[PDB]
Amino acid sequence: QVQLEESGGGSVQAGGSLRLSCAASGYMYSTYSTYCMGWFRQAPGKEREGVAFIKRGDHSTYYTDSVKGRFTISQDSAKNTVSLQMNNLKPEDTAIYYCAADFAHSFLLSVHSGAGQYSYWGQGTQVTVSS
Amino acid sequence: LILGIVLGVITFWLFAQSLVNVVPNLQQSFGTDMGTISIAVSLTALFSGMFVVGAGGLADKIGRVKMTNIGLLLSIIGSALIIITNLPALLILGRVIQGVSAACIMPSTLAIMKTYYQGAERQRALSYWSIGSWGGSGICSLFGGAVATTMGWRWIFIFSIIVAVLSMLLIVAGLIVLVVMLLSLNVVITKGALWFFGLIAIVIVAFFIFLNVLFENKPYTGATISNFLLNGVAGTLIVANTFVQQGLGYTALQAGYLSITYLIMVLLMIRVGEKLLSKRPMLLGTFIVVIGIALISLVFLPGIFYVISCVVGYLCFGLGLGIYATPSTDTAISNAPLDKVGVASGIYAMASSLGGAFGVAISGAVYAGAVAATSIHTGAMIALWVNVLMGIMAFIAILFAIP
Ligand SMILES: [Zn+2]
Numbered sequence: 005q006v007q008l009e010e011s012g013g014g015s016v017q018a019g020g021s022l023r024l025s026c027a028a029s030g031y032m033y034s035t036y037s038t039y040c041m042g043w044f045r046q047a048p049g050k051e052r053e054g055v056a057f058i059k060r061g062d063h064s065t066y067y068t069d070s071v072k073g074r075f076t077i078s079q080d081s082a083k084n085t086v087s088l089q090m091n092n093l094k095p096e097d098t099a100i101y102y103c104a105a106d107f108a109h110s111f112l113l114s115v116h117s118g119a120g121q122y123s124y125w126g127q128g129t130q131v132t133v134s135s
Numbered sequence: 011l012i013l014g015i016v017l018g019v020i021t022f023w024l025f026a027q028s029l030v031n032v033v034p035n036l037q038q039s040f041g042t043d044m045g046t047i048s049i050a051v052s053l054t055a056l057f058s059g060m061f062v063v064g065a066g067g068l069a070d071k072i073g074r075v076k077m078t079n080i081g082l083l084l085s086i087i088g089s090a091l092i093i094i095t096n097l098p099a100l101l102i103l104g105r106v107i108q109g110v111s112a113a114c115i116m117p118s119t120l121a122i123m124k125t126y127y128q129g130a131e132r133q134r135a136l137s138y139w140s141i142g143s144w145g146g147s148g149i150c151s152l153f154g155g156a157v158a159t160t161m162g163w164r165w166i167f168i169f170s171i172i173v174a175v176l177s178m179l180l181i199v200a201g202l203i204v205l206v207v208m209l210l211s212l213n214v215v216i217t218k219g220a227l228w229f230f231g232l233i234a235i236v237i238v239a240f241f242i243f244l245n246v259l260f261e262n263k264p265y266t267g268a269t270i271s272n273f274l275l276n277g278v279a280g281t282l283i284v285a286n287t288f289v290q291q292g293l294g295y296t297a298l299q300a301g302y303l304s305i306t307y308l309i310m311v312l313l314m315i316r317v318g319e320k321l322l327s328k329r330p331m332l333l334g335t336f337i338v339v340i341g342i343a344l345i346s347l348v349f350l351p352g353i354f355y356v357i358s359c360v361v362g363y364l365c366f367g368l369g370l371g372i373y374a375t376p377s378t379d380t381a382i383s384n385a386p387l388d389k390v391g392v393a394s395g396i397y398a399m400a401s402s403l404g405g406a407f408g409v410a411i412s413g414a415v416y417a418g419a420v421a422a423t424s425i426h427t428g429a430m431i432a433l434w435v436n437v438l439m440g441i442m443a444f445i446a447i448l449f450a451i452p
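Just so you know, the sequences run in chain order C and A.
If you read the first sequence in the authors' numbering, its first letter stands for residue 5, the second for the next number, and so on.
In terms of the authors' numbering, the second sequence is residues 11 to 181, 199 to 220, 227 to 246, 259 to 322, 327 to 452.
Below, the structure written as structure tokens:
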């Protein structure tokens with residue numbers, strides 16, 4: 005009974021900026037645990053690919069090589085939400101961005117990336133860039 | 011080697027419940043996707059909580075230490091079977107027996123405490139048993155993680171076989204229609220539904242069939270019914286650890302420091318609960338915790354230095370459970386007749402377990418419902434307040450536990 009409600013994205017010109025925010029409703033933390041949260045993109049042709057992820061406990065982040073430096077994932081801690089700030093976008097980034105989160109695990113364990121490790125998925129937010 | 015052996019058997023049920031918070035590392039090795047590889051690990055308690063009474067009864071009949079010899083031996087195959095071979099249909103079969111391992115140990119080893127001690131020594135015995143359980147489960151998540159990051163996921167199960175050996179080296200009358208009840212009742216708490230309405234029927238059904246297929262009017266009954274109600278406040282920390290980390294936006298460590306402050310406090314009050322001793330301290334424990342909840346409830350309308358009100362709550366909550374646990378593990382183990390301890394101890398162990406599950410499920414569902422309707426701060430209180438009601442009902446539950 006968890007719901008990943010996600011917002012932002014949309015259409016923009018190339019070399020621009022697009023925010024992507026996502027929040028987990030009623031996803032409680034165990035006695036000594038946290039969970040990882042991020043986005044996977046999938047263009048109409050290409051196969052599902054991870055973008056950026058953050059561990060909610062210690063703000064530990066990880067990015068794919070593609071977007072590294074341009075994109076910046078972080079969580080607005082007081083407002084309780086993770087948001088992927090995407091900058092200097094290129095037509096490669098055009099795809100359906102799916103927010104996801106994995107089953108809780110001891111915060112000691114390192115931040116997650118692989119789609120197999122993530123369990124909760126969203127409806128998917130569209131992002132498209134052009135000339 | 012009285013507790014030294016017993017504890018080794020209890021800490022076999024620590025290293026079992028450590029892998030539960032290292033479920034992603036197992037995802038890679040055993041291969042199969044999450045949900046299937048996670049529920050695989052869940053089976054260890056699922057089977058434990060339902061068999062504890064039966065495995066307690068077959069320990070009651072065919073030797074107490076006989077079944078503690080089985081459990082500790084069954085914990086070797088339980089671990090060796092998993093650690094050695096890395097494949098999925100394998101994992102399931104090893105976790106189910108890892109569960110029956112505990113079902114054999116908890117009640118039987120609890121009965122040995124009655125024989126070994128027989129009054130006065132029982133106080134020091136059951137206190138050492140509590141340290142073995144509370145302290146063990148208390149770190150199991152923080153343990154399993156530390157092991158998986160540096161040693162590995164399999165290196166938490168190499169510690170399971172050697173401690174299970176160093177334990178032994180330092181020393199069907201409707202059961203099937205009870206486990207079918209408890210299997211259903213256990214998975215009813217895990218509410219992922227429309228379809229759970231019929232899963233509550235199979236509980237009510239198999240209950241009345243076992244009810245017409259057991260004449261306790263002692264303070265033991267009062268202790269078991271109170272122990273259930275008292276463990277219903279278990280959600281308090283889960284809802285608190287969430288609120289602190291989501292609502293107040295703290296890190297994972299500060300959340301763990303508030304938690305391990307509760308852990309050391311509850312562990313250094315089962316000793317003081319021993320000296321405290327029967328009914329008097331169990332009323333003080335069930336009382337002071339309700340204030341410990343209220344102290345953590347009032348941090349939903351706080352200031353900048355209201356971290357104290359929360360902190361003192363974790364101590365107030367921690368120390369209360371400690372003052373109740375040793376007297377109340379004794380009030381049950383005492384009045385439990387020497388002829389039938391294995392069955393009696395298994396029921397007290399089951400009542401303790403179901404109490405926690407029933408508590409967390411309510412605490413979570415309320416929080417998830419309240420935080421959706423209202424906000425994180427407002428929602429937390431509604432959830433924390435529901436923990437107070439059970440804490441008061443746990444204080445009222447002692448009314449039916451005479452001196
Ligand atoms: Zn994760």
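Ideal Cβ positions, reconstructed from N, Cα and C, are used throughout, including at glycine.
Three-way DSSP call (helix, strand, coil) for residue i in this model
i, result
"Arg74/C", "coil"
"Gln46/C", "coil"
"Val106/A", "helix"
"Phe57/C", "strand"
"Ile100/C", "strand"
"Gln133/A", "helix"
"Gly41/A", "coil"
"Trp144/A", "helix"
"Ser58/A", "helix"
"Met161/A", "coil"
"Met32/C", "coil"
"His109/C", "strand"
"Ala443/A", "helix"
"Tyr295/A", "coil"
"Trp228/A", "coil"
"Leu209/A", "helix"
Rounded straight-line distance, which links the Cα of residue j to that of residue i
i, j, result
"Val415/A", "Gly440/A", "16 Å"
"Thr160/A", "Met430/A", "39 Å"
"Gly67/A", "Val360/A", "42 Å"
"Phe230/A", "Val238/A", "13 Å"
"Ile72/A", "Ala105/C", "49 Å"
"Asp80/C", "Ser87/C", "8 Å"
"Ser402/A", "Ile315/A", "19 Å"
"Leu321/A", "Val175/A", "35 Å"
"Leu364/A", "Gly413/A", "22 Å"
"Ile172/A", "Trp23/A", "13 Å"
"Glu53/C", "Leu97/A", "26 Å"
"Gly318/A", "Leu303/A", "22 Å"
"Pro264/A", "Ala385/A", "9 Å"
"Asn436/A", "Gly280/A", "7 Å"
"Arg132/A", "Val63/A", "22 Å"
"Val207/A", "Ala393/A", "20 Å"
"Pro95/C", "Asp69/C", "16 Å"
"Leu275/A", "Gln291/A", "27 Å"
"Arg60/C", "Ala108/C", "10 Å"
"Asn91/C", "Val16/C", "11 Å"
"residue 197/A", "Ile411/A", "Since the numbering of chain A jumps from 181 to 199, residue 197/A cannot be located in this structure."
"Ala398/A", "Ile357/A", "34 Å"
"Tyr355/A", "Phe349/A", "9 Å"
"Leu212/A", "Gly352/A", "42 Å"
Ligand 1 heavy atom lying under 6 Å from the CB of residue i
i, result
"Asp379/A", "no"
Within 7 Å, strictly: CB atoms of residue i and residue j
i, j, result
"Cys103/C", "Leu22/C", "no"
"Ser110/C", "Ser64/C", "no"
"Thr54/A", "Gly18/A", "no"
"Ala69/A", "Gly391/A", "yes"
"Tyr33/C", "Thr287/A", "yes"
"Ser140/A", "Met77/A", "no"
"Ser123/C", "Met60/A", "no"
"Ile15/A", "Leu180/A", "yes"
"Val157/A", "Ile166/A", "yes"
Ligand 3 heavy atom lying under 6 Å from the CB of residue i
i, result
"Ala432/A", "Ligands displayed in this structure: ligand 1; ligand 3 is not among them."
Exercise for the section: Taking 5 Å as the limit, tell me which residues put their C-beta closer than that to any heavy atom of ligand 1, in chain order. Expected result: Every residue with a CB closer than 5 Å to a heavy atom of ligand 1 is listed here in chain order: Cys40/C, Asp106/C and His116/C.
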